[PDB]
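> Here is the sequence, then the experimental structure:
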Amino acid sequence: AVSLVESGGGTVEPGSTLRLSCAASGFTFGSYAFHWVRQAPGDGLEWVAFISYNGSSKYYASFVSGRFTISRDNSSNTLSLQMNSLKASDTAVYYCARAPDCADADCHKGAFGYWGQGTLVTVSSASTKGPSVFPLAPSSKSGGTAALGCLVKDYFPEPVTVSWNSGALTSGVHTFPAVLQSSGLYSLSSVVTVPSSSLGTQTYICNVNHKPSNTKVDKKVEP
Amino acid sequence: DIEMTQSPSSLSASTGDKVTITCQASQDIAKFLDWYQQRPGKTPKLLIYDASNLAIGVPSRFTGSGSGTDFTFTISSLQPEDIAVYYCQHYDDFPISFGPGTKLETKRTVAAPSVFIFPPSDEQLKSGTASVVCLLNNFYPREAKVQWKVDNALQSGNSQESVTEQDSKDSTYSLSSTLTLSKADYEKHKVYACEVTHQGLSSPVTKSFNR
């Protein structure tokens, strides 16, 4: 089967460089043109670059301005995007893509039938940092429906994952998209609604994982 | 560079509805025009290529038509898994570009949020910052406003919020807002309030606590 596996994602300081790769298998790599496409968090798809089947033609989006170089190695079944002089606005998930199957020597239809899995590139002066996990509970100063939660604060880069009670609690859970703070660090909340009566009998623990910083926290949330 | 546009920007629909959305190019792009679906948090998927051809593996409820500058994409009978953003994309020349997308959501009746306020934790207050959080739970439509107040003074510039993806079961949204204060500012003042306005509320709802 066509397989496109990306690597090289990570964090980069402004003005510095990062190289992405896409390893292809399951077809004749050198018979296909390839593209890079990116998507900033919460924004639209944005075309970045094209390389022809044999690498003789390369084209770039207007925002590239000579900073990125697409290349390929047809003997090793790899595609590359070398990105230089990166800026915060280049933060995105980057995808490689290829046309639908075709029988010709050069399959270059500008339709993206097969995509890589995507890899995140985050450009910031921030350094990799694990979150602090704080409880969200109602003021101590009974009766109705209560909300409780965890505030997963000041981490970099995305993403974090949150579960409740090791996945045993899923009903009424809302885990929100992170916001990017003025500090350059992310913060996210996760909440659950429960009857206020359960605050005395039940245990609520939020399980937070931030893989980039090797941070795993289990936080008991108590009234 | 060719400019691709899409209308509407967002569309509310019901399962079973016929959905028709449009795409326009700033010059004649013949039929060099494709359509993609992207479900929240997923990889995009080609549905229609060369204006009207059904992509391999894709079911018949999807179609596209048009040529030149004006194109249409249709779903004959919307299914729940079809709630997504749809993008058009030209390949008339280089540079290639996408349109900005049309986002679908599911219609439901108006629902006012339940509202909850959370003080900063004692854990957080051991350091120099205080975060106050307000939750707006299970509401529709997505538009809502939060106004933070500290000792009855309206806050500006020191909050951020986000909204969940529409719930797949009940078609509601939820919203979380965080007010960020220095510990000193938090300890200086007493009354913390979040005031919520929404179509489902006849007047604003305020939840508050006293530090």
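In hand now; what should we look at? Numbering: from 1, shown residues only, chains lettered A, B, ... in the order given.
> and stretch A:178-187, how far from the chain's centre?
Chain-centre distance of stretch A:178-187: 15 Å, with CA atoms, centre = their mean, to the nearest Å.
> Then stretch A:60-78?
21 Å.
> how far does that stretch stretch from start to finish?
Terminal residues of stretch A:60-78 are spaced 19 Å apart (CA to CA, to the nearest Å).
> try stretch A:43-58
Using CA to CA, one end of stretch A:43-58 lies 26 Å from the other.
> so who does residue A:16 touch?
Counting by CB atoms under 8 Å, 6 or more residues apart in numbering or on different chains, residue A:16 touches residue A:86. The way it works is simple: take the backbone N, C-alpha and C, and place the C-beta from them, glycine included.
> May I have the secondary structure class of it?
Classification of residue A:16 by DSSP: H, G, I helix; E, B strand; the rest coil places it in coil.
> Domain ranges for chain B, per the record?
Chain B breaks down by curated CATH domains into domains covering B:1-107, B:108-211.
> Actually, chain A.
Taken from curated CATH domains, chain A resolves into A:1-126, A:127-223.
> thinking again about what came up before, which of the domains of chain B sits closest to chain A?
domain B:1-107 (2.6 Å; CB to the nearest CB).
> now the closest one, how far from the centre of its chain.
Distance, centroid of domain B:1-107 to centroid of chain: 18 Å (CA atoms, centre = their mean).
> how long is it end to end?
Termini of domain B:1-107 sit 37 Å apart (CA to CA).
> and that domain with chain A, contact?
Yes: using CB under 8 Å from any CB of the partner chain, domain B:1-107 reaches chain A at B:1, B:32, B:34, B:36, B:38, B:43-44, B:46, B:49-50, B:55-56, B:85, B:87, B:89-91, B:94-101.
> Let's see which of those residues end up in strands.
Taking DSSP state E, the ones among the residues of domain B:1-107 next to chain A that sit in strands are B:34, B:36, B:38, B:46, B:49, B:85, B:87, B:89-90, B:97-98.
> What about residue A:171, how many residues nearby?
8 (other CB atoms under 10 Å in any protein chain shown).
> Show the contacting residues for it.
Counted by CB under 8 Å, 6+ apart, residue A:171 has contacts residue A:192.
> tell me the secondary structure for it?
coil.
> now do residue B:185
Taking three-state DSSP, the label given to residue B:185 is helix.
> Dead centre of chain B: give me the residue that sits there.
The centre of chain B sits closest to residue B:165, judged by CA atoms, centre = their mean, with a distance of 6.7 Å.
> where does the spatially closest residue to that one that is not a sequence neighbour land in three-state SS?
Once flanking residues are discounted, residue B:165 sits nearest to residue B:40: 4.8 Å by CB to CB, 6 or more residues apart in numbering or on different chains. Three-state call for residue B:40 (three-state DSSP): coil.
> residue contacts, residue B:40?
In this structure, residue B:40 makes contact with B:84-85, B:165, judged by CB under 8 Å, 6+ apart.
> can you pull the contacts of residue 14?
This is for chain A. A:86-88, A:123-125.
> that's the other chain; I wanted chain B
By CB under 8 Å, 6+ apart, the neighbours of residue B:14 are B:78, B:106-107.
> what about 6 Å?
Residue B:14 is in contact with residue B:107, counting by CB atoms under 6 Å, 6 or more residues apart in numbering or on different chains.
> Next one: it from residue B:72, what distance?
For residue B:14, the distance to residue B:72 equals 20 Å [CB to CB, to the nearest Å].
> By proximity to chain B, which residue of chain A wins?
In chain A, the residue found nearest to chain B is residue A:110; the distance is 2.6 Å by CB to the nearest CB.
> Assign that residue to helix, strand or coil.
On the three-state scheme (three-state DSSP), residue A:110 is labelled coil.
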